[PDB]
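Asker: PDB entry and its sequence, pasted below:
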Amino acid sequence: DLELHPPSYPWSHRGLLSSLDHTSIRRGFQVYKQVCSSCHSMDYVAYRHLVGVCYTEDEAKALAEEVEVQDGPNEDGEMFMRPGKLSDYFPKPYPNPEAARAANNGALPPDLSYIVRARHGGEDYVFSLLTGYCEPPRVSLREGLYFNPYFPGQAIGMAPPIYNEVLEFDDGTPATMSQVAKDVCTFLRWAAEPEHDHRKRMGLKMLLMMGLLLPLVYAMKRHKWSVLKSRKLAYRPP
Amino acid sequence: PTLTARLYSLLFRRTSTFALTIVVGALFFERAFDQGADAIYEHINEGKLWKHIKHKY
Amino acid sequence: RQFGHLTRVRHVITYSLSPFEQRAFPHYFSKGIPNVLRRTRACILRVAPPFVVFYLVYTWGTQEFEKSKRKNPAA
Amino acid sequence: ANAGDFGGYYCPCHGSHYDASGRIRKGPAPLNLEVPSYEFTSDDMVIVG
Amino acid sequence: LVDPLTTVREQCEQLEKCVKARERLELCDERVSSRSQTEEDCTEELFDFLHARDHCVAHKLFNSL
Amino acid sequence: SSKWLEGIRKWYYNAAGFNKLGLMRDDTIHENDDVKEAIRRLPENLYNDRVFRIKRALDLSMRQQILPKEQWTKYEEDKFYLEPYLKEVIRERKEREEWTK
Amino acid sequence: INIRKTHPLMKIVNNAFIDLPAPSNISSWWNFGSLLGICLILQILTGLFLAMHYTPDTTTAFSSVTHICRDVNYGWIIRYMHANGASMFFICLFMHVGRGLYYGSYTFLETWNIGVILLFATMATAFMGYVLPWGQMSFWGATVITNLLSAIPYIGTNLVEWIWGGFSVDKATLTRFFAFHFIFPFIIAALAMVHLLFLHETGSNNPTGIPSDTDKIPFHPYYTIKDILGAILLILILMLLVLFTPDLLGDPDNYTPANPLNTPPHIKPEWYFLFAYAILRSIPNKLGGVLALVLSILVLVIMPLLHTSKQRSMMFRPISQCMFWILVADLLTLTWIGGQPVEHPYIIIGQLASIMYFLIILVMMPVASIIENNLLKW
Ligand code: HEC
Ligand code: HEM
Ligand code: HEM
């Protein structure tokens, strides 16, 4: 029982002033909508977040009018379903946690909001997880659990979903294994940090401010301490 | 060295003139610096932002 | 403690010149960098030899923790 | 559940090695686990509390 | 439909301490295959050679995408 | 034996560092009420030299510059001047204690 | 004549901020008073905005924090500014205590005692605040350190099922920790002003330790602009950490919601308790461990009553200077042991590091002061 550390990858947002590929955010959301939205939840992100990031306004309204919501009461007031324009989150494929656990073979899947920012490692962990299925050399494998080295315990109740039934992107970008995995890893990076673009914009502006300002404050400090640096004593007794 | 003499004589002799000077400088510098940093952040990627690909879409 | 009843000092003349007419950084790369090399020589004999012993303890602990994490029998 | 080197239970807080019945062997825990009140009923059941 | 993952993974493990650790793995796997149900999992070798191949593919993956 | 101890004392005095700022042994003394009494009982010219050496030391730690090599007050030319005054102060303090006991 | 010397508030402002007789040879280690004060007003202000957008309920506490980070304009900058400002706050605090121990400022008694009370107050405030986001690591660290307070014999059991608000960590525990995480920083501010009061009573201490009553300069416009420079460096470091690396300090185990059944193996608290948490599990005993923690900070209390030197600084006691840097190496070793799991080599060197900690502070520094007492005809 060990910890295999994930490698280091040259990401397109890896540099300290680089941002995400918004086109990759779009096609990674396409990945989440096609294949991944049946076991995993992403209950802290709404469709209205996507109104300026990787879709226009009308397209996200279509993508949120495709799904029923089950809004609350009316005048008589049982409940009723609803298309829903923007005020809806991503709706909960399995309602309860233990209902999700009993639907799978135990081991309910964690939600996909903070996975990139919460696994002792970045999206390299998610990439190596999603791509690193292999051969088990003489281990237990208790009747439903697969082998993947990038996981504590080496026993995952997730069937390997990345290339099995390729999802056929809308743009015509060729669906290999690595490209669809890179897309969903970029989208999960975005779903972890919705502020990454604007925070590195303000980081650039703060770098220019503290490169343009802090030498002047140091100059003014030295200019007001300039007297006592140059003061000179002499000793007069009688 | 003569170029700072009239600068001291017109914008640093008083106090209210100095305050008006740094206020007008703050607004002009705010505009010019926001335009400059926007140009730098567009130039540093040029292929990744939502803006140019969305007007291509 | 107010300002004026601190101590009693005779026999002392102090010269000090105006801040404007003297320069801001007086030969900032002719006294400053031998100054900080002087301060660096006067300290690292008492600064460094704890830290490198810590660094060796750090690397030894990591190395032996992995080598006692891994057993390798043979059968 | 099933961690450590003794096979049994193991506290990850301060490295307490328990055995399979949950008894302290190597750690700063002075006491063992608590045995609750349990009543076996023949429906393959037990009322625990 | 061939992913470039397969291409650069099979390329980068060509002749290397990768291959030395793979043969070390085949040593331990033959060692347990010639042994009646021992403990030796022959798994540490799997971790460190796939660590080696994933570092060398990590240097040379995202260029062709 | 003898000069080995002297070698230790002279080396420690070189490596202390206050000799490099124009100080003597009794310009870096900790102050309680006893040493304030001993400073109060000083003569005048030594007190004026004391405040001048302290003021130069505070200047040369204000710009953090050490004196040139030729003006460092070496060992066995300094004045151990405060010693009898401070000795009589501590003797009188112990005298008050062991008299009122 | 002067409003600055007759108006009753401005007498206080003048005697504390302008006409204060300050020594003239301050190095950069005398910035950390202003740095702790400006960190304090920044943490209070960002915390007040966080407390305007927070709902303490265990069903929706984590969802409320996620709502802050995602939906509110710049609420992510305020949240990360509060957390990284707490870490920079404890950085500046340990620089401040290191200055106060190294340059011999612990010959001032009452300021030192008020300081130690401020140290306990900031530690309790940091712990309650780290509980508040209601995460995995937050929940289990709350359980562990509350049971540390349950280690007190015969009194601690009812005390800890009291401050649990029941028999487990509940809604009441989160709301208690919210109310006291609110009210303790204002007590920190008031005790900071009492700290400042006794320091202005005694007078400051220069780096030499020579009494600088002959060379006082005023506070303004010298140390005002020096502390503006120091606060500008501090704001640079804080904006740098909240704009490029939030990943550098936050524990990634925290971000899963507080499942009361998981208990991950990675169980370490936030790093500025790991110099102290590793002292606990160094001892294979409960009461000995909690008593050794309390006695470590009480050793920081009983620092002055072992000062058997005759010069107050350590600038002129080079062996005590060496043992001070050995003590700093030992504390950073304790932090690294706090960041590691509990097995055999780490257990050995954690025991040895805690024993060398108490042996260096209690014993060897007065022994070195005695050997330079006896070496210099004193
Ligand atoms: C149902 C089958 C799916 C599908 C279609 C996907 N996942 Fe995966 N996933 C599933 C389960 C039951 C679990 C839990 C296994 C366990 O408890 O050990 C997971 C787990 C993950 C994780 C967790 C890794 C970790 O906890 O460190 C991740 C990151 C993950 N799943 C991602 C993921 C993605 C990106 C998917 C779309 C391709 C995806 N899963 C599909 C079940 C299922
Ligand atoms: C009285 C003023 C303060 C208020 C109103 C306040 C309020 C809050 C609130 C509401 C939170 C939870 C929000 C969140 O964590 O995302 C919080 C977290 C926290 N606070 Fe404060 N706080 C105050 C002062 C302080 C001070 C002085 C410190 C110590 C420097 C501090 C340290 C913390 C820490 C460490 C957290 C956890 C941050 C995290 O991990 O996300 N707070 N505070
Ligand atoms: C709550 C956090 C604290 C704050 C805001 C604080 C604030 C200050 C301020 C403003 C000063 C004056 C600045 C200076 O003298 O350099 C000061 C000095 C001092 N503080 Fe603190 N302090 C804090 C914690 C502590 C602690 C924990 C101690 C240790 C017990 C301590 C001991 C001292 C000492 C000894 C001085 C005098 C240093 C000198 O003047 O030479 N402080 N503090």
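Answerer: Everything's here; your move. Numbers count the residues shown, from 1 in each chain, chains lettered A, B, ... in the order given. Ligands and ions are numbered 1, 2, ... in the order given.

Asker: near chain A, which residues of chain E?
Answerer: E:1-5, E:25, E:29, E:32, E:41-44, E:46-47, E:50-51, E:54-55, E:57-58, E:61-62, E:65 (Cβ under 8 Å from any Cβ of the partner chain). All C-beta spots, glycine's among them, are computed from the backbone N, C-alpha and C.

Asker: give me that answer again for 10 Å
Answerer: Within chain E, the positions near chain A by Cβ under 10 Å from any Cβ of the partner chain are E:1-6, E:8-9, E:25, E:28-29, E:32-33, E:37-38, E:40-48, E:50-51, E:53-65.

Asker: show me just the buried residues among the residues you listed.
Answerer: E:3-5, E:8-9, E:25, E:28-29, E:32, E:40-48, E:50-51, E:53-54, E:56-58, E:61 (16 or more other Cβ atoms under 10 Å in any protein chain shown).

Asker: out of those, which sit inside helices?
Answerer: Using DSSP state H, the members of these that fall within helices are E:4-5, E:8-9, E:25, E:28-29, E:32, E:44-48, E:50-51, E:53-54, E:56-58.

Asker: now residue A:234, what's its secondary structure?
Answerer: strand (DSSP: H, G, I helix; E, B strand; the rest coil).

Asker: which residues does it contact?
Answerer: C:11-15, F:52 (Cβ atoms under 10 Å, 6 or more residues apart in numbering or on different chains).

Asker: now the helices for the chain?
Answerer: Picking chain A for this. Going by DSSP H, chain A shows helices at A:22-31, A:57-65, A:97-103, A:123-131, A:178-192, A:196-212, A:214-224, A:226-229.

Asker: oops, I was thinking of chain F
Answerer: Listed in chain order, the helices of chain F (DSSP H) span F:2-16, F:33-40, F:44-62, F:83-100.

Asker: mind checking the SS state of residue B:7?
Answerer: helix.

Asker: thinking residue F:67 is in contact with residue F:53, fair?
Answerer: No - if you go by Cβ atoms under 10 Å, residue F:67 and residue F:53 don't touch, sitting 11.4 Å apart.

Asker: so what sits against both of these two?
Answerer: By Cβ under 10 Å, 6+ apart, the residues touching both residue F:67 and residue F:53 are F:21-23, F:73.

Asker: for these, give me JSON lines that also has distance to chain D and neighbour count.
Answerer: Formatted as JSON lines, the shared contacts of residue F:67 and residue F:53 follow (distance: Cβ to the nearest Cβ, whole Å; neighbours: other Cβ atoms under 10 Å in any protein chain shown):
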{"residue": "F:21", "distance to chain D": "51", "neighbour count": "23"}
{"residue": "F:22", "distance to chain D": "56", "neighbour count": "19"}
{"residue": "F:23", "distance to chain D": "52", "neighbour count": "24"}
{"residue": "F:73", "distance to chain D": "57", "neighbour count": "19"}
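
Asker: so which of the residues you listed belong to strands?
Answerer: Using DSSP state E, no member of the shared contacts of residue F:67 and residue F:53 falls within strands.

Asker: contact partners for whichever residue of chain D sits closest to chain C?
Answerer: Residue of chain D nearest chain C, by Cβ to the nearest Cβ: residue D:5 (10.7 Å). With contact set as Cβ under 10 Å, 6+ apart, residue D:5 has these partners: D:17, D:25-26, G:343-344.

Asker: list the contacts of the closest residue to residue E:22 other than its chain neighbours.
Answerer: Of all residues not flanking residue E:22 in the chain, residue E:49 sits nearest, at 5.5 Å (Cβ to Cβ, 6 or more residues apart in numbering or on different chains). By Cβ under 10 Å, 6+ apart, the contact list for residue E:49 reads E:13, E:16-25.

Asker: please apply the same query to residue A:34.
Answerer: A:165-169, A:180.

Asker: 7 Å - rerun?
Answerer: Contacts for residue A:34 were tallied using Cβ atoms under 7 Å, 6 or more residues apart in numbering or on different chains; they are residue A:167.
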